[PDB]
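Chemist: as they sit in the full assembly, here are the leading chains:
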Amino acid sequence: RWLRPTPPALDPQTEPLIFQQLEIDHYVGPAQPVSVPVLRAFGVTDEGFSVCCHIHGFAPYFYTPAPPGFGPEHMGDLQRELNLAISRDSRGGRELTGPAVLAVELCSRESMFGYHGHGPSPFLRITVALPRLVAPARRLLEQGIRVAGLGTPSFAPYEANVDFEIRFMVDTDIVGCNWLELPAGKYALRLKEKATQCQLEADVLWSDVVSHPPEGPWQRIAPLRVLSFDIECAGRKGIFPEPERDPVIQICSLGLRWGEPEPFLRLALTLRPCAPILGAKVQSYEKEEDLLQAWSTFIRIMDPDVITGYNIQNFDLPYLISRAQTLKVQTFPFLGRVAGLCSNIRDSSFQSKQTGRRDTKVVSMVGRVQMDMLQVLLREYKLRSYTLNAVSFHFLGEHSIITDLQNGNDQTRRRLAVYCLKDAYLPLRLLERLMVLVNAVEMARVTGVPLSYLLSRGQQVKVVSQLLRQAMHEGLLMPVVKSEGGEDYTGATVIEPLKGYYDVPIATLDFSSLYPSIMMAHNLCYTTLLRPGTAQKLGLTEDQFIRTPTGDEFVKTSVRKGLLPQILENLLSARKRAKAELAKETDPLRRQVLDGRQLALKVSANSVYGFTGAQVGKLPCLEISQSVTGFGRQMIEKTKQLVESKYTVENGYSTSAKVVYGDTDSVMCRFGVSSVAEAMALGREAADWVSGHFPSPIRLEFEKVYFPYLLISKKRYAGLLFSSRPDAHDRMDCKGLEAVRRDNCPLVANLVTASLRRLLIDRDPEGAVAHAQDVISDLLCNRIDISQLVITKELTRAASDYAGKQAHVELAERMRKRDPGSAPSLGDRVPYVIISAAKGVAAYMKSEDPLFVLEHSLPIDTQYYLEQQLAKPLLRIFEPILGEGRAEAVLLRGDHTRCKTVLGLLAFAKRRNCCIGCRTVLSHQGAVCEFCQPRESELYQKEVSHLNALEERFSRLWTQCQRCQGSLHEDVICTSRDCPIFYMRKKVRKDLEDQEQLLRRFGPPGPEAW
Amino acid sequence: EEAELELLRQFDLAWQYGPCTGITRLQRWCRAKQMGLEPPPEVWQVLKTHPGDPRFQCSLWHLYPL
């Protein structure tokens, strides 16, 4: 629809180009100037034109040591290494490499690993023509033949085999989303006859570019173009949609320029004639071929930078591609920027111990960038459900019906289009509100990796990139060590608690950035690790090296500076600047998203240390990891000895303090005073006192005062939070307990939060007992919503769940009769509830889908929920304040309240009802019993105040759907399984149905036909 | 039949007769006739040549827990 502005008057012999790049690309090419791999770079100007840039003359290489013989110091054998062996038996050694310009170069460099000296050594630099020839050469120089005139006897290892685009960016100092400049007279626009579809197309040599480091005025962001879209399909009853039978009926698109607070384009393309919508364009077609063609032409002409959505990768784009393949439309799958290239669906998997394992499809688009917001949520955030409704409530606050809204009239289709446009608008709001893209651009500028790697890869490519960028400045080469496999080492210490309930303030002192500052201030690195022999026979121990608790020796900083201290120092300053910016916000959600930014930079700095100990990885050095955790243990026991030893009764202070807890970075010391001001004063004195026994940047700091405190086990406690004194209290802290885990029911987590509220804030155990009694009583009397009963568990890799029978695996692998095409896959979460049956050996035989127990009305196992979900967390919490008469107190508060329960041949009942007073079954329909006939005005009085309260609950719920829907004049259709509103509006109809019929036992209060 | 099942499905979604997914089909036909909006005399003449069948004398979504 709307086009980009027109590039007026660029003349290359006088004017430069200044543009900001988004994507890079590799390309094997003809039309050479009179190398074959030429590079592509796509970007945008400071105004809004689209620029493609072709870069020429770059070829991959690596290094290898020159062996000590008469060969690789003699030029005849250098060019003979270039020369091929013409023998017949060298077909395995000069064919797959063959005649390639590997070349011969002599340079003086060093290896990374260890500390041998300040002296370098000769290495050979071996270029290669193509990037897809470094793999057979590696298969032909190490295990292949290297008998060539006795120049290089096998073997010499390969060093610095890295990726092509990463080697380009390490070479020329270009980072992700960078400002690039072509100077005047260096670039030719009309040298390249147009093979792509951008406006400006330059054709430059790889030594002409200028990279501007992002800082000062070069810290801006260009006006990018962002698209979001959503589709609709018309299915059958029960049957989930399938790309060979179910047509695509509506596509809806939203588009904006980045930096402007509203969109500028709003389009909706339908398949029958429709009705107009104010604010958007509407076009209609009588066939699906025109609809797919129209969308492909719009996406070529608008030419967006970024494409977003929600689950567009695994649902939307391959559905469109398969549907275009079935209907024989040849011109659809050309969505990219290159004019002669069609797109294809390709599977990929990712797995780690940090995010688990996920299997995704990818679809190829060259030039353009994809950001599915579902994958960003699934990677960064740990939530309970990952539906669009659930995250839109958590962050903002909100198939067979559609097939008859489309086979109807055109106002129904207009309603369908407004629904689809709201769906297509929600991920834009989430992208701009959560500060996604600004943090992605800052991550790519601090680490130096492209913008497509932050959605596909892990935390290794970034630390490899930063280490290579720091390695070119002193002249070192990286080695290739690979081992399967070493052993584990010893991790962190935890101090033994003094368990219980405390009501005198405890002050928390901890170290900030512990492991990066250990690695900084004792000069630990790959490049300064001293081997056990190379100290000998030199004897200089003092101020030349140090010794660690695991046992290594490491050189002092008066000889070398390591590489990991400098990378860590850069990351630490970036996080410090993020916190300094965060210290001046007032909005809460903005304060937590800047907390998210600084959390991400601290995770990056700690993954630098975790790179070293990963024995399945790219470069492990477990000696360093052992030295780190040994220093950690030594320093925390130093802290505990010092804190408990100095402030004592004989040293003039009030009370000898005693440490109650410590977990590898923090110390919770109990001081003795019950005044929060005096505890805060002594705690600040203690933190600042103890910090002066270390190198720098090692510092201990005061952080909080808990008053009161509740310690249950290791990694399980709770307390109340004081930041200042006249800032009285902030909130609770629930570390580890049953209120922050997601393996349980909402009922149990709510009860634990409410019990700690009534028990820690108001200090009333009697209201707490009465609360827990009411929860258990309302459980047994069958008046608890089934939202509070839903359990969710993650469906991981299928073989571990083959090894032992679980409940959620049994529910998932059991398909439905309605739909063998929508079922949980690997990596998602399965929700279930437990119904009552008589198979007590197996709780995996009583699990059912919440919607299935909704539509089929199966009962609930209240004894399962009473003794297996609720009871034992309560016995954790309520015991330490009292004795074991407290277990008997809650099991007796159960006992006064356990005696009230509510619930083939079962169908042949009714035709009479039991007495309302004393429950005696009898012949006839009158409500009262003949012995309890007198007391009847009181028994009518009783239960009409129950009908009165059910009437008041019907009306508050069924008009809330009208305000959440938007309209007051049309029907509600919302079966949202993540809304408590749904199925709480279903049971009050039946309560009212039952309670209205019980009062017609009594006669009518008058006539009605008068 | 199979042509009489689309006439009723077309009467059920025309907005000028009312917002009807809680009641029967013949009750909505007589409600519009009282106010006399314009009920057509064909959605009546198939609700008379049938008995109490639940796929003629019921709204489209008379399943569906809404």
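Modeler: Everything's here; your move. Numbering: from 1, shown residues only, chains lettered A, B, ... in the order given.

Chemist: okay, helices next: where are they in the stretch 551-700 of chain A?
Modeler: A:564-582, A:588-612, A:622-646, A:676-690 (DSSP state H, counting those that start in this stretch).

Chemist: near chain B, which residues of chain A are found?
Modeler: Chain A has residues A:401, A:404, A:407-409, A:411-412, A:854-855, A:969-975, A:983, A:986 near chain B, with proximity defined as C-beta under 8 Å from any C-beta of the partner chain. C-beta coordinates here come from the backbone N, C-alpha and C atoms, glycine included.

Chemist: mind running it again at 7 Å?
Modeler: A:404, A:408-409, A:411-412, A:854-855, A:969-973, A:975, A:986 (C-beta under 7 Å from any C-beta of the partner chain).

Chemist: do you know how far residue A:384 is from residue A:467?
Modeler: Between residue A:384 and residue A:467 the distance is 38 Å, computed by C-beta to C-beta, to the nearest Å.

Chemist: dump the residue contacts of the spatially most central residue of chain B.
Modeler: When C-alpha atoms, centre = their mean is applied to chain B, the residue found nearest the centroid is residue B:25 (3.6 Å). By C-beta atoms under 7 Å, 6 or more residues apart in numbering or on different chains, the contact set of residue B:25 is B:8, B:47, B:57-59.

Chemist: closest to chain A among those?
Modeler: Chain A has its nearest neighbour among the contacts of residue B:25 in residue B:59, at 9.9 Å by C-beta to the nearest C-beta.

Chemist: quick check: residue A:665 touching residue A:510?
Modeler: Yes: contact criterion C-beta atoms under 7 Å: residue A:665 and residue A:510 qualify, at 5.3 Å.

Chemist: looking at those two, which is more packed in?
Modeler: The neighbour comparison of residue A:665 against residue A:510 (other C-beta atoms under 10 Å in any protein chain shown) goes to residue A:510, with 20 against 17.

Chemist: tell me which helix or strand the more buried one sits in.
Modeler: Following DSSP states H and E, one finds residue A:510 within strand A:506-511.

Chemist: coming back round to it: now the helices of the stretch 551-700 of chain A in TSV, with mean neighbour count?
Modeler: Compiled in TSV, the helices of the stretch 551-700 of chain A are given as follows (neighbours: other C-beta atoms under 10 Å in any protein chain shown):
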stretch	mean neighbour count
helix A:564-582	17
helix A:588-612	17
helix A:622-646	18
helix A:676-690	17
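
Chemist: tabulate these (JSON lines), appending distance to residue A:153.
Modeler: Shown next, in JSON lines, are the helices of the stretch 551-700 of chain A (distance: least, C-beta to C-beta, whole Å):
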{"stretch": "helix A:564-582", "distance to residue A:153": "35"}
{"stretch": "helix A:588-612", "distance to residue A:153": "34"}
{"stretch": "helix A:622-646", "distance to residue A:153": "32"}
{"stretch": "helix A:676-690", "distance to residue A:153": "59"}
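
Chemist: let's put DNA strand C on the structure above:
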DNA sequence: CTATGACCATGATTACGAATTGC
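Modeler: Take a look at DNA strand C, now in place beside the chains above:
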């Protein structure tokens, strides 16, 4: 018709494998 013996099951306790959080 009772008493004794055998079988059978059922319930409880202990030991191992698995989602999430602490580092």
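
Chemist: ok DNA strand C is in now, so what about the contacts of residue B:25?
Modeler: Applying C-beta under 7 Å, 6+ apart to residue B:25 gives the contacts B:8, B:47, B:57-59.

Chemist: mind picking the two most distant members of those?
Modeler: Greatest spatial distance among the contacts of residue B:25 (C-beta to C-beta): B:47 and B:59, at 12.9 Å.

Chemist: tabulate the CA atom coordinates of the helix or strand in which residue A:988 is found in PDB.
Modeler: Following DSSP H and E, one finds residue A:988 within helix A:987-998. Below are the C-alpha coordinates for helix A:987-998, written out as PDB (Å, rounded to 0.1, in the frame of the first residue of the first chain):
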ATOM      1  CA  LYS A 987     -22.700 -23.400  37.900                       C
ATOM      2  CA  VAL A 988     -24.900 -20.500  39.300                       C
ATOM      3  CA  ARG A 989     -27.500 -21.300  36.700                       C
ATOM      4  CA  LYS A 990     -27.800 -24.800  38.200                       C
ATOM      5  CA  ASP A 991     -27.600 -23.600  41.800                       C
ATOM      6  CA  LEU A 992     -30.400 -21.200  41.000                       C
ATOM      7  CA  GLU A 993     -32.300 -23.900  39.100                       C
ATOM      8  CA  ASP A 994     -32.200 -26.200  42.200                       C
ATOM      9  CA  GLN A 995     -32.900 -23.600  44.900                       C
ATOM     10  CA  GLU A 996     -35.800 -22.100  43.000                       C
ATOM     11  CA  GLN A 997     -37.400 -25.600  42.800                       C
ATOM     12  CA  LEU A 998     -36.900 -26.300  46.500                       C
END
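
Chemist: and the closest residue to residue A:743 other than its chain neighbours, helix, strand or coil?
Modeler: In this structure, residue A:743 finds its nearest non-sequential neighbour in residue A:793, 6.9 Å apart by C-beta to C-beta, 6 or more residues apart in numbering or on different chains. Assigned by DSSP: H, G, I helix; E, B strand; the rest coil, the conformation of residue A:793 is strand.

Chemist: bridged to the residue of chain A found nearest DNA strand C, which residues?
Modeler: The nearest approach of chain A to DNA strand C comes at residue A:663, 2.7 Å away (C-beta to the nearest atom of the strand). Beta-bridge pairing for residue A:663 (DSSP bridges): residue A:494.

Chemist: who touches stretch A:232-239?
Modeler: With C-beta under 7 Å, 6+ apart, stretch A:232-239 has contacts from A:241, A:246-250, A:399-400, A:402-403, A:406, A:416, A:420, A:818-819, A:821.

Chemist: for the residue nearest to the centre of chain B, give its distance to chain A.
Modeler: Remark: distance between residue B:25 and chain A (C-beta to the nearest C-beta, to the nearest Å) = 15 Å.

Chemist: returning to that earlier point: now check the helix or strand immediately after the strand holding residue A:510 in the chain, is it near DNA strand C?
Modeler: Using DSSP H and E, the helix or strand that follows strand A:506-511 in sequence is helix A:514-521. No: taking C-beta under 7 Å from any atom of the strand as the criterion, helix A:514-521 and DNA strand C are apart, separated by no less than 7.9 Å.

Chemist: add one more, call it DNA strand D:
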DNA sequence: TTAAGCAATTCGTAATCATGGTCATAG
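Modeler: Once DNA strand D is put in with the chains from before, the structure reads:
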């Protein structure tokens, strides 16, 4: 071709052992 690392508390689920209760036989 790509992956951040390990220590666990903790509770659930399954299996094994013990204990009694019921039924059938024999005197």
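
Chemist: got the end-to-end distance for stretch A:774-794?
Modeler: 32 Å (C-alpha to C-alpha, to the nearest Å).

Chemist: pull out the buried residues from that stretch.
Modeler: A:775-777, A:779-780, A:784, A:787-793 (16 or more other C-beta atoms under 10 Å in any protein chain shown).

Chemist: out of those, which is nearest to residue A:548?
Modeler: Nearest to residue A:548 among these, with distances taken as C-beta to C-beta, is residue A:793, at 42.9 Å.

Chemist: ok, the closest one - contacts?
Modeler: A:743, A:808, A:829-830.

Chemist: and the strands in the stretch 101-250 of chain A?
Modeler: Using DSSP state E, counting those that start in this stretch, the strands found in the stretch 101-250 of chain A span residues A:106-109, A:121-127, A:179-182, A:200-205, A:210-212, A:225-233, A:248-257.

Chemist: tabulate these (CSV), appending distance to DNA strand C and mean neighbour count.
Modeler: Below are these laid out as CSV (distance: least, C-beta to the nearest atom of the strand, whole Å; neighbours: other C-beta atoms under 10 Å in any protein chain shown):
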stretch, distance to DNA strand C, mean neighbour count
strand A:106-109, 36, 13
strand A:121-127, 38, 17
strand A:179-182, 36, 19
strand A:200-205, 46, 20
strand A:210-212, 36, 15
strand A:225-233, 29, 23
strand A:248-257, 34, 22
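
Chemist: wait, which of those strands is closest to residue A:611?
Modeler: Per C-beta to C-beta, nearest to residue A:611 of the strands of the stretch 101-250 of chain A: strand A:106-109, 23.0 Å.

Chemist: show me how far that closest one is from its chain's centre.
Modeler: 44 Å (C-alpha atoms, centre = their mean, to the nearest Å).

Chemist: partner strands of it, with direction?
Modeler: For strand A:106-109, pairing defined by DSSP bridges yields strand A:121-127 (antiparallel).

Chemist: can you list contacts of the strand it pairs with?
Modeler: A:59, A:61-66, A:72, A:101-110, A:477.

Chemist: name the element residue 38 belongs to?
Modeler: Just so you know, I chose chain A. strand A:37-45.

Chemist: can you look at chain B instead?
Modeler: Going by DSSP H and E, residue B:38 is not in any helix or strand.

Chemist: run a quick neighbour tally on it.
Modeler: Neighbours of residue B:38 (other C-beta under 10 Å): 10.

Chemist: identify the residues contacting the closest residue to residue A:274 other than its chain neighbours.
Modeler: Nearest non-adjacent residue to residue A:274, counting by C-beta to C-beta, 6+ apart: residue A:413, 4.8 Å away. For residue A:413, the contacting residues are A:270, A:272, A:274, A:405-406, by C-beta under 7 Å, 6+ apart.
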